[PDB]
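Here are two versions of the same chain, shown separately as structure tokens and labelled structure 1 and structure 2.
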Structure 1
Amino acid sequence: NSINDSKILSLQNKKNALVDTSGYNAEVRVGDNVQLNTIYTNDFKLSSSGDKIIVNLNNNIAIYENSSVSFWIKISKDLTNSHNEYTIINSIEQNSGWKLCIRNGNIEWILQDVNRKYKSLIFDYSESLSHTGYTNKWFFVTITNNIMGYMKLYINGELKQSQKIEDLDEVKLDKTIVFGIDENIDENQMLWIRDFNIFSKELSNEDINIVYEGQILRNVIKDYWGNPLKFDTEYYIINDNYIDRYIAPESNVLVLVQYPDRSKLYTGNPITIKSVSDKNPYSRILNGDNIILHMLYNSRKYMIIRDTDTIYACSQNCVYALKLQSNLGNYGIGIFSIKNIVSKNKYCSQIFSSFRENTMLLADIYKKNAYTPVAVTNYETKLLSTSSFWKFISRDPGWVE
């Protein structure tokens, strides 16, 4: 493909080292404390004001104008708050070149000439720590530079800025790239980056989306943060429509109780996902996989199941409540399947059941009144209702509360 062929720097993990696999042999030095391949194959973590990754390019890279840079990034909550400014990726020798900075929930791409004049492409990824923002969530970033004099900023394949190289003169580029944060930070101030690639051309919006779609791993279910969802892992399962409500037994039926404190995220009864078929413990959940949900409630685990009887006292558009069952096992009544929803700003999925009648899970109020998760038949019409979207919140080191 023409896109890969353009790669002049590709940071990937091979044996157990982060190396350049572009073929141009750039030198890569990884600090001792730097953690690699913890969530995604080619990821790396940057934290405690020190440990860094140093990339030294070679003469192989015929210098020019047109070029592109892509990578995914996940920034911890404690780090997105700090009003302080942080440089995370630096490629500036004296005062010329580029660097990537984060400042108060904002990611900023800086390009400055020899006169020390810069332009900057900015993006508010946090947007007031909105649970609909990207704090501590993986998002795909792409920067492109061209001859006409335009540098654009893309977030998840969507153009967000674009500015022309005007008051910008000569921009000397050095053979070195430094990844890290030297400024003293908390033990909880951290961030992750994966699939860092440098391109020799100006990727087209279409080209960018092809890379995005390929690196997001479409067949892998994702947790709330964009990390792959895993079997035998604790998750606070929430409905997309009701981010501040937690699943609870309440009255012989599962319901969604309001978070006593909306500012908190980690609230409720942790649910573990088990595979019906035999798969290694904490392996990745893929869409189409059959699963079982165990809810931990008062020192005991229960299997979430679909009620056999309808919500009231059916023939078409039937509504079934969800319940807890003590006897654990591969009971078809508790067997569900899961599938990713394609969406540029939401890591969620749909849950289905093929027990006796094909149903899909959704949350709504029907009936004194209460928000209830239910399984409903003849749901084609609802495949795009956000009420059938579920998110799985894992306790992540990037969000401490």
Structure 2
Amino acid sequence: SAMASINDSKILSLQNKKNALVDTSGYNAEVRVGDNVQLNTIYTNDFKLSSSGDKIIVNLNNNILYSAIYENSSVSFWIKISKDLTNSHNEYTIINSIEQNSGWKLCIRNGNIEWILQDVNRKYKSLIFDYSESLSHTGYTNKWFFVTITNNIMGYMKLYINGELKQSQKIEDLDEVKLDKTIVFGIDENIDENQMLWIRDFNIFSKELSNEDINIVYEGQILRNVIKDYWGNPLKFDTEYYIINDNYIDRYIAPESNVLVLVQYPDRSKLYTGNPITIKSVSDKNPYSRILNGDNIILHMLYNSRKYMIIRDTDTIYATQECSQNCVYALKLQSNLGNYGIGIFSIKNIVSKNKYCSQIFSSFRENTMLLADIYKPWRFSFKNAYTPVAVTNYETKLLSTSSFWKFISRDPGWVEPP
């Protein structure tokens, strides 16, 4: 099978075992983790480079007969780069195997990540990807994204992002590139507070992975059944989120006359605007545990310093009385907290390479899916509102962006002043 072929080719795999980051490929690289480097804070095999001088040094135990590279190879990992590091016009070297002349290195510079392969003469080839897109919400500033480098020493070096090919450069025309002996993770440039990044699931393979192979690794490491927050972190219970609809990214959820509506951000550049919603486990899973596909959840909104439970309206938005076809329900708040079916929802990941988003469903009385669009949701006013609603008969809306929700947590990689 493709997968066996894949995993079998692993010649370095940095994973957390017994609370230490080590090489689990079988090849016994020495992995020296700096004393202040925090491991396993978001995902099991992650590490955070955040304090001055944070470093991980890996010393390979590899071929001693070939001084020069003799086989194809690939490198994969996920990376998440803070807003403050992204906003710098400076250049930062993040991973480096160049000891004297040859080797490769990963750099960040003005919202771009650049991969460099260099030979013994310092002739080099470069692959670049603009992950920031000038801090756009569509881009990947402070967002987990899968990077993959494949090398055909007698062909091309390719750069993939989330399994999509971005850039190719011939490397067959380089002269000698020596086998790596040491790989250094860490920034040596002077950094400011809040300039941090995370790396997870670092692997090197002894072959040039096909695009098909790469998508298999990508899908396997994304953890398909773990719901994600906006940044690509696992979504957690008991954690504050600013919840936004994909069709109205600069509007926040707010109660107006006890009907939830979407109010426009006064400043589109400030993500953390609105009324934080905390997600509660109905089955009583551990505090702060990860939320998964199929979990029953309850939503609590913090509004003007008080907590309320978000519930579906018992009646439909317009009067024709008991509805059982094409029904639309507004959402409301109640101060009585407890397990009420009318307030129980379930969240399901949407498969997308460019957004971390989910659909939210209710099965109370009638099966509904939450979406946002323009409605007249008040019983005593004809006023329109961008309104989050629970709608029945939603089969034709399953691919509609109006049904996609994102959960923005206050993340250390995106800092906003009080």
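Here, residue number means position along structure 1's sequence, counting from 1. By rigid core we mean the largest C-alpha set that fits within 1.5 Å across both forms.
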After superposing on the rigid core, what is the C-alpha displacement of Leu79 between the two structures, in Å? 0.3
Core overlaid, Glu166 C-alpha shift between the two structures, how many Å? 5.6
Core-superposed C-alpha displacement of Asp278 between the two structures, in angstrom, equals 1.6
